[PDB]
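Protein chains in written order, with the authors' numbering: chain H, 1 to 234; chain L, 1 to 216; chain A, 331 to 532. Even for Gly, the Cβ is constructed at its ideal location relative to N, Cα and C. Below is one structure, written out as structure tokens; the observations come after it.
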Amino acid sequence: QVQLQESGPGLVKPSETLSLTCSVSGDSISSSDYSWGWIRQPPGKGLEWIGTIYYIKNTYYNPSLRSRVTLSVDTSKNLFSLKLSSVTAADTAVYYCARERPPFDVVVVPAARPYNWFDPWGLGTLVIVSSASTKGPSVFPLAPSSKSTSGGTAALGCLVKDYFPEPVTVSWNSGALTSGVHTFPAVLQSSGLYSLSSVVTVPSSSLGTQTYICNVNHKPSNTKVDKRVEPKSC
Amino acid sequence: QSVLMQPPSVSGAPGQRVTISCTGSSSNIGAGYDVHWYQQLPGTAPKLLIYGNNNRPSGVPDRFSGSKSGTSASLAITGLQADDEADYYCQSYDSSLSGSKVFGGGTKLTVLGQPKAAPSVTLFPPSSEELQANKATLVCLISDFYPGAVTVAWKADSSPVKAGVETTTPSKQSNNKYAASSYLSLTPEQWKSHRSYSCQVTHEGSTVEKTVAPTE
Amino acid sequence: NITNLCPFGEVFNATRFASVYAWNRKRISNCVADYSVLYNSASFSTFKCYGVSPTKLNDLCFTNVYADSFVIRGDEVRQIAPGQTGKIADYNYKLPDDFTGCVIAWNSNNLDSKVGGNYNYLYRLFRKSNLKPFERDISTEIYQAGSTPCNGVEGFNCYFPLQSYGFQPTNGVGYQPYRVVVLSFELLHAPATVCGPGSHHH
Ligand SMILES: *[C@@H]1O[C@H](CO)[C@@H](O[C@@H]2O[C@H](CO)[C@@H](O[C@@H]3O[C@H](CO)[C@@H](O)[C@H](O)[C@@H]3O)[C@H](O)[C@H]2NC(C)=O)[C@H](O)[C@H]1NC(C)=O
């Protein structure tokens, strides 16, 4: 059994240095057989190798990140560490450490490095890069255009833009409208602020008859906003 | 963006066989380097599934198999079970420039538990309220699709737009089908500098697009 | 009385072969060498001779013969020939342009690959200059690709000079292991000491 445990600050401001530490249990980081690596995953996206350190001093870096990556080993704490300089919003990701092992029955470990795989993996730690202070959202109407109006159903909604931190709650007509409603999870923008949208599918013959208000609540900033959504012409 | 190319989604009924390809080039898989496969269950870290093209670590069931041929590799899953719904990643080594480990873009495997459904797409231009606030956001809302896997691509006068785009992972709505959203954030200047913008939504290999124009 | 056949099975039937970067050389002298039985000893994928005609090799004599042996992958057998270039010819085993000898090779997938992979056959990937004919580089010094010295440590622009082949049984033939034996014939201003049966010496 080998276990790896990440640890790092959850939030870092842009241009700062991200420092992460991975503690190894059930093995020695002074190994001349195994290497120790970092991989990351932006929320909702794929995996990206950061770099690897082997036998205390040997390093191998992702070429597109090499200038910003520093790896090191502390044998007294049985851990290895990652430092990523000059972070931007593109560096918001879950960071995993992993043991990188060579194929079985290998005599010359450094010669087999291209055939290494990752096993086991740590639990991962989410790092958000943002300079955002707590801030209330702006609410804009997503009006039903002349398109859906011509048919049977009509889609309309509310854009809840540039708030921090999460979460924000959205209802419609103070909770009196619930069917056909879907409120999406938030995206984190490169500004370091969140946005989400809430949509409702409604009968087209209701657009003059029925009022449609989205109620938006952002408790951290103590902000509440009602927005009426009407079919204002092009 | 990833150096190894995987299909974004694969699906099969419980008990069927399923394959996930992983195509590289003569500088990685075609250069003789091994392919490893990791399974990422939802909410969990990746875990080793296949190593060295076709070897199973202890604990990985018989139903998983791997192979490689030329510049490509393949993960096969027989007797599909609900436990198998996950994202699968291939990984190899690329010798170009100074050398680097490379990953595929990942494949969402869906074990079918309901009928397939093509997405409905609605593209909202920036509201006049937002434009008066000196901002522009195009909102592309996608709903009522299954499996919950979709690829979103934005175009400004047929030119692919990468920056200013953010997209949510498909999540279930009240009828248990899936929905997703994508945003293109622009300044008003660049909003009005193009004839039209396209939100293109690819689902199970079929692409539907919606278009908006600042004039219309 | 010199009825002792040359010990070719010692080289060809050796249970283990060397990596190409540390290729082996066996000195063979003071014996009789029929090459017909070599060209009939097994099914060789490659059997090319340079400098002397392969028809009447048996009617020739030489001071001594050297048998170099190693493993490479299939697509690299073509580099074991005069005038060739590539990582093997440049960095691992180099034949001269005026080579006189024979290159013999056969597929060893049944011996040198294994399920899960055999990664213990290595080749040299980096070198500051090309090998001269028949020279050998067994060093494992970190390769300094850039302006900053390596101090025996791997890093950017500091690379371990050797790399594994990945030999698995289901590899394409171009990536399967091949055992290679190179026969060099030394013609020196000295009495012959290796002779074929069909020469008028015998
Ligand atoms: C490497 O080892 C193999 C196997 O031990 C050698 O092949 C063997 O070669 C002998 C040659 O003396 C074969 O015996 C011959 O049989 C024929 C008639 O079939 C006869 O005309 C010969 O006089 C001799 O008795 C033997 O069958 C053969 N074995 C196999 C399995 O092919 C091979 O020669 C060795 N290589 C070298 C370079 O020494």
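Three-state class that DSSP yields for residue i in the structure shown
i, result
"A/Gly528", "coil"
"A/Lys444", "coil"
"H/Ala176", "coil"
"H/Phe184", "coil"
"H/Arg113", "helix"
"H/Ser206", "helix"
"A/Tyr453", "strand"
"A/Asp389", "helix"
"A/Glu406", "helix"
"residue 218 of chain L", "For residue 218 of chain L there is no data in the structure shown, the boundaries of chain L being 1 and 216."
"L/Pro188", "helix"
"A/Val367", "coil"
"A/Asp428", "coil"
"H/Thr201", "strand"
"H/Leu126", "strand"
"L/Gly59", "coil"
"H/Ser195", "strand"
"H/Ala89", "helix"
"A/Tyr505", "helix"
"L/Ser100", "strand"
"A/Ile472", "coil"
"L/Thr23", "strand"
"L/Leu131", "helix"
Short Cβ contact (8 angstroms threshold) for residue i with residue j
i, j, result
"H/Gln3", "H/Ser28", "no"
"A/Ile418", "A/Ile434", "no"
"L/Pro125", "L/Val212", "yes"
"H/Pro120", "H/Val109", "no"
"L/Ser181", "L/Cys140", "yes"
"A/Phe456", "A/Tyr423", "no"
"H/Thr169", "H/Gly8", "no"
"L/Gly99", "L/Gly15", "no"
"H/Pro185", "L/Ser171", "yes"
"H/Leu177", "H/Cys158", "no"
"A/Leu492", "A/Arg454", "yes"
"H/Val216", "H/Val225", "yes"
"A/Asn354", "A/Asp420", "no"
"H/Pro203", "H/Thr149", "no"
"residue 554 of chain A", "H/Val107", "Any property of residue 554 of chain A remains undetermined from this structure, which presents chain A solely from 331 to 532."
"L/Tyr33", "A/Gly496", "yes"
Neighbour list for residue i in chain L, Cβ cutoff strictly below 8 angstroms
i, result
"A/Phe486", "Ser98"
"H/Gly157", "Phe124, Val139 and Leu141"
Nearest candidate by alpha-carbon position, reference residue i, set the options
i, options, result
"H/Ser233", "H/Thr223, H/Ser145, H/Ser190 and H/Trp38", "H/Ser145"
"H/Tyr163", "H/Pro220, H/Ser204, H/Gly151 and H/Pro203", "H/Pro220"
"H/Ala154", "L/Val165, L/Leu123, L/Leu186 and L/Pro14", "L/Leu123"
"L/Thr71", "L/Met5, L/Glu166, L/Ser158 and L/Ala117", "L/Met5"
"L/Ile29", "L/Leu41, L/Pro57, L/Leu49 and L/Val102", "L/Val102"
"L/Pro160", "L/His194, L/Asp144, L/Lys135 and L/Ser127", "L/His194"
"H/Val129", "H/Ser174, H/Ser32, H/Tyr212 and H/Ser85", "H/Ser85"
"A/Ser443", "A/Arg509, A/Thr478, A/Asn354 and A/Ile472", "A/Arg509"
"H/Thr17", "H/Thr70, H/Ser198 and H/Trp36", "H/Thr70"
"L/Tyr89", "L/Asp83, L/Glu216, L/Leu75 and L/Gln81", "L/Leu75"
"H/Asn173", "H/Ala111, H/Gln210 and H/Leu65", "H/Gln210"
Cross-chain neighbours of residue i in chain A, by beta carbon under 7 angstroms
i, result
"L/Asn53", "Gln498"
"H/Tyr61", "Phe486"
Where residue i meets chain H, residues with beta-carbon distance less than 7 angstroms
i, result
"A/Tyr449", "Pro103, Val106, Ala112 and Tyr115"
"L/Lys47", "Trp121"
"L/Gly105", "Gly46"
"A/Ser494", "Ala111, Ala112 and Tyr115"
"A/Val483", "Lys57 and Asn58"
"L/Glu216", "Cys234"
"L/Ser181", "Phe184 and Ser197"
"residue 541 of chain A", "The first residue shown for chain A is 331 and the last is 532, placing residue 541 of chain A beyond what the model contains."
Chain L residues whose Cβ lies nearer than 7 angstroms to that of residue i
i, result
"A/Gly446", "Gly52 and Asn55"
Interface partners of residue i on chain A, CB under 8 angstroms
i, result
"H/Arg66", "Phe486"
Chain-ordered neighbours of residue i on chain L, where CB pairs are closer than 9 angstroms
i, result
"H/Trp49", "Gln91, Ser100, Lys101, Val102 and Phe103"
Report the residues of the stretch 120-133 of chain H with a CB closer than 7 angstroms to any CB of chain L, ordered along the chain. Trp121, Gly122, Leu123 and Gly124
Going along the chain, which residues of the stretch 176-207 of chain H sit with their C-beta nearer than 9 angstroms to a C-beta in chain L? When C-beta distances to chain L are compared with 9 angstroms, the residues of the stretch 176-207 of chain H below that value are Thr178, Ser179, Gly180, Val181, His182, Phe184, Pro185, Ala186, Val187, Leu188, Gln189, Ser190, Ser191, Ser195, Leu196, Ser197, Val199 and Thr201, in chain order.
Could you run through the stretch 502-513 of chain A and flag, in chain order, every residue whose CB is less than 8 angstroms away from some CB of chain L? Within the stretch 502-513 of chain A, the residues whose Cβ lies closer than 8 angstroms to some Cβ of chain L are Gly502 and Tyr505, listed in chain order.
Members of the stretch 27-47 of chain L that neighbour chain A once the beta carbon cut-off is set at 8 angstroms: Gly32, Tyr33 and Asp34
The stretch 401-429 of chain A: which residues have C-beta closer than 7 angstroms to a C-beta of chain H, in chain order? Result list empty, no residue passes.
Using Cβ-Cβ distances below 9 angstroms, what residues of the stretch 156-178 of chain L are close to chain H? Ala163, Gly164, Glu166, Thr167, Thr168, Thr169, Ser171, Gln173 and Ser174
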